[PDB]
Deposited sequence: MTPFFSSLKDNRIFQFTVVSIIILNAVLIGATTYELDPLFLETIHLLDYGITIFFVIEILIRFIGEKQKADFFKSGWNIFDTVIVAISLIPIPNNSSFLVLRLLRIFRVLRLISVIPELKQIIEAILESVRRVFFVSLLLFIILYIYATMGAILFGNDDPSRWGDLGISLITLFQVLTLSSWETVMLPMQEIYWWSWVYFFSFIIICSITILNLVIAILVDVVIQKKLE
């Protein structure tokens, strides 16, 4: 089953058949397409067998849906047909299991992030509530905003408008940024440690 090459030109086929669809085809060497689809099929076959004889549940649910040759049912089929890539390249499996063990830790630290944001978004909706309501109006948007500021995406747009109405403006944001910036750091480290010990 394995072999690196094969699997690479197989990633190649799966992908190219996942990305053809379909508006970008108003013209092109249709024997080329015949062959890409044929091959694509030959693959759903390849593992549809190896299966014969936890991740096998997934393997066969996938391969089964990828077996089938509507507007949404179509797009789903596109999605599972591309999922069979995982069955194929078996390092992707070990990797997915790695993520999954990252999930507990990430879920905790994430709860922390939620605490931090809720605080800053309450203090924020209360502070910036009526001066710029599009971001601090209610608590939900307050959080969506603080979440933009967390990821440092054009955050000066949120802050400066408040900085010319309230001198202490940066203290709010920088502290916020800095505090979030710190705990992510411990998330990372924690996973590292948990990834090493677990060995």
Q. Deposited sequence versus model: which ranges have no CA atoms?
A. 1-8, 62-75, 92-96, 227-229
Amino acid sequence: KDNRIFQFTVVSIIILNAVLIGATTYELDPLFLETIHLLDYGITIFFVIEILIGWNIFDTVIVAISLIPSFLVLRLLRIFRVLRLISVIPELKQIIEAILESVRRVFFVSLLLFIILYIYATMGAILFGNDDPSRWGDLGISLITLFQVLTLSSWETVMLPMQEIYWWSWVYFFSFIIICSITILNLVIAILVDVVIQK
From here on, numbers count along this sequence of modelled residues.
Q. So 26-34 or 162-170, which one's hotter by mean CA B-factor in the entry?
A. 26-34
Q: Quick one: say whether 171-179 or 9-17 has the higher mean Cα B-factor in the deposited entry.
A: 9-17
**Q.** Entry-reported Cα temperature factor of residue 55, expressed as the chain third it lands in
**A.** highest
Q) Which third, lowest, middle or highest, does the CA B-factor of residue 138 fall in along this chain? A) middle
Q: Pull the Cα B-factor of residue 118 out of the PDB entry and bin it into the chain's lowest, middle or highest third.
A: middle
(Q) Taking only the Cα B-factors deposited for this chain, tell me whether residue 66 sits in the lowest, middle or highest third. (A) middle
Q | Third of the chain, ranked by Cα B-factor, where residue 43 sits | A | middle
